[PDB]
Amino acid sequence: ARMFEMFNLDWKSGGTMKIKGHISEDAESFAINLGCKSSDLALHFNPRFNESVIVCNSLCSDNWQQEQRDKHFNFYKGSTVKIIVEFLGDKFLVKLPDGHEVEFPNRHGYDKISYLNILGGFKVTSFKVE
């Protein structure tokens, strides 16, 4: 379910967002979604424990686009983790705890991200945006 939702971010290129939180002992997945509203997302970052893969995708009027899969998966159920997202113009970059970077294109050319939600087995304990 919906853990966290924020509206009216005014997050722009050069922006950095730091999300720390607890992954449920029973999690099968969680997602950090960034866009302009629930049905329009620049970045859906979704670690999936069953397939041991991080899937990224974008959502356009509630239509999912073509996903990207990263098999560098060092997430653990029951743990507290820090995820850093950077809004880098033509792409998003997600830095993981092990220092791996997941890169995802800013396909639809957002210049501002106003909406965030976090769903699934992830309880936010710290959030910072600049």
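Each residue number is its position in the shown sequence, starting from 1.
- The mean C-alpha temperature factor is higher for 34-42 when 50-58 and 34-42 are set side by side.
- Across the two stretches, 106-114 and 19-27, the PDB entry reports the greater mean Cα temperature factor for 106-114.
- In this PDB entry, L96 carries a Cα temperature factor that places it within the middle third of its chain's modelled residues.
- The PDB entry assigns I83 a C-alpha temperature factor belonging to the lowest third of its chain's modelled residues.
- Annotation for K123: CA B-factor lies in the middle third of the chain's modelled residues.
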